[PDB]
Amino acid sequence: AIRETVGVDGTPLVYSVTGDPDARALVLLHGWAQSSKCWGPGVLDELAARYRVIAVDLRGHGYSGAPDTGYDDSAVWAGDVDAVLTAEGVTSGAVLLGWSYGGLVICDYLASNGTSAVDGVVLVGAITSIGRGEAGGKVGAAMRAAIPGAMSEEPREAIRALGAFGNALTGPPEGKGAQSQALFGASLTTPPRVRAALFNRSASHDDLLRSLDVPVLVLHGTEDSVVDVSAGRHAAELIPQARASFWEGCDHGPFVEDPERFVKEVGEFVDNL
């Protein structure tokens, strides 16, 4: 299951592969300060019964390399998605699913490489742009409160600031306490300098979204406190072939809040390509 490839700058990239090698590739791109573990074991098992699941550790995250520079270069991010697809020999049919920051990683890839390797995109609580005035980068109250404390090298300041997200990634944590802990833990294992580097950039992919020639599922919680639901509304409006699924009452982690509904909606989208 564990694999390694290399980015265009020589950075090692770790990812995991499960499911039938002959099935459709479903590439999972996680959020800021997370890892390939963020999806629950239950959701990965359900997806692996139907697709060839490729769960990447972003550069600076999980077991991937953490270089000093390059996090602000859309071409470097594109190169990372390309390297994983190339390593798995995925040249067509892929579905790229991006949670949170993972939406921006997908859009960097599509902006450099186009859509020839992909049949579909799923944006989960995603940003698709980043910077001042970007509707597709619109952050919620919890992310606004965590900056810049969550980027601190001083541990008490970072723990307090990351801890300020509360139950945003899980929803009500009843029966999910191990997931709650693991998602908080992954944020703290991400180097502060990486947390900072991912946000010290600007990029607009509004015109990329308007140009997409593949179907996109926009899945977003209406009470997302991390990436405002307006960011998902923005992407659904610009993408020519978007299907929106706005989960009433859900915060930032739909795959944790309702793993059954997440797998059903992602599966119905993918199965209908």
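We number the residues from 1 along the sequence you see.
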remark   = Higher of the two mean Cα B-factors (103-111, 137-145; per PDB record) comes from 137-145
inquiry  = If you take the mean CA temperature factor per stretch, which one wins between 43-51 and 212-220?
reply    = 43-51
ask   = In the PDB entry, which of 34, 225, 64, 69 has its C-alpha at the highest B-factor?
value = 69
C-alpha B-factor winner, where the candidates are 117, 182, 168, 127 = 117
message = Per the entry's values, where does residue 234 land by CA temperature factor relative to the rest of its chain, in the lowest, middle or highest third?
response = middle
ask   = Should residue 26 be placed in the lowest, middle or highest third of its chain by the C-alpha B factor in the entry?
value = middle
remark   = Temperature factor at the Cα of residue 17, chain-ranked in thirds, falls in the highest
task = Can you work out whether the C-alpha temperature factor of residue 260 puts it in the lowest, middle or highest third of the chain?
result = highest
ask   = With respect to C-alpha B-factor, does residue 203 fall in the lowest, middle or highest third of the chain as deposited?
value = middle
